[PDB]
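What follows is a single chain, given as structure tokens, in the form deposited in one PDB entry.
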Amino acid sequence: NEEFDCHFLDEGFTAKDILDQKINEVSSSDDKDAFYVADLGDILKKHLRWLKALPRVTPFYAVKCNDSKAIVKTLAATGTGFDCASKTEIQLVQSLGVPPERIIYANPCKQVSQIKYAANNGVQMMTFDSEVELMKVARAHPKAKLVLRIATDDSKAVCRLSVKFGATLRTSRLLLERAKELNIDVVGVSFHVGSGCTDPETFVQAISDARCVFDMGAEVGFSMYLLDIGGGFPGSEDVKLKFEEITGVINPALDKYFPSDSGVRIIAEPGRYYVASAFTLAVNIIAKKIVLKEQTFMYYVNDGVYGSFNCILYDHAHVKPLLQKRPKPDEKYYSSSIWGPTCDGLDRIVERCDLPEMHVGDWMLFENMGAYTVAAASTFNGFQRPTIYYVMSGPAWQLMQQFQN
């Protein structure tokens, strides 16, 4: 099918050039639906970069970030783990041939029937942060390996008084004693610093806290070996806090609190890092209005906040439109807004930006659209999700085969 359909990327060509080619090919066809170009070679590059930056940390891809079957198949061929939050994601991962020991059910609040499904399919490792979860596990998957998820405080997060997941150290101690009472095996500690991390020092704090809980486990009789540092790493270079800074702050903390001789196994749950920059979205300007204030423009394109751009609300992502052909400096720029296809007035992509005068049929490009865009899109107003074209060069395929070897 199209999902499993992969196109060759010839030598000297990038995803950008492929985008330009397809756009030129449909110049006078009049079928100008929005579409993605997904470079799996970018995912292989990200994996190489991860192996180089965090050699002690095994990556478990957060499927909920992008559940595309091609992505999961490529990552499974690469040999990464997978973080699954629901029965459907476990089904997806196992359907591609991944054994259960490469799957972590890292949802702290799981429905009982889904816990039973995880037990039925041999997924042993699950996270938890509450006593009711311990009761449910004892009653539905008693031989599970539990990872205690501890809380982290993020200043940039809107809500800090109420945190959905994560136990405090005080609560963690009681959770460990309760797990010992119920004869449930606790094997490690997990945390999630959050995508909007501004200061890498936070990770260190979390790591320190994790060590503390590890010691607590040693006091209660548990053999703790699994440390899960979660996700939140950036997926593109268009950020102030870059991946390598975070890793350079993390590695000394890991060496200090969890030395290799201790026998600890360190993992992570990066979602956006692997896929963010792999996808580039092309939308077509389907409508245009001119408002006199000085000329300003309202452009309507064929994707919106109910589709790929739901990240504007759910993830609060900031999107900047890109022109296919670069404009000369002398050309005048105008104040413009960009709107979605749906009738709702709340379907606005960009409130105000500077753009040259464009016309219906012109294309706009959005880079770094791999993370939390298609995974949360809906078909409101009947508009279908854009076709995704997967590309991969021969050298990239060779690297993937080497990983299999």
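Just so we're on the same page, rigid core means the largest C-alpha set that superposes within 1.5 Å between forms. All residue numbers refer to positions in the sequence shown, first residue = 1.
What comes next is about the form deposited in another entry, which does not appear here.
Considering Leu241, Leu174, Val220, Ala317, one residue stands apart with a C-alpha shift of at least 2 Å between the shown form and the other one following superposition on the core, and it is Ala317. Annotation for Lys143: C-alpha shift under 2 angstroms between the shown form and the other one, rigid core superposed.
Relative to the superposed rigid core, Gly345 undergoes a CA displacement of at least 2 Å between the shown form and the other one. Core-aligned CA deviation for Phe383 between the shown form and the other one: 2 Å or greater. A decrease of at least 3 Å in the separation of the C-alpha atoms of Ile90 and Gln384 is found in the other form, compared with the displayed form. Distance between the C-alpha atoms of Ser68 and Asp315: longer in the other form than here (change of 3 Å or more).
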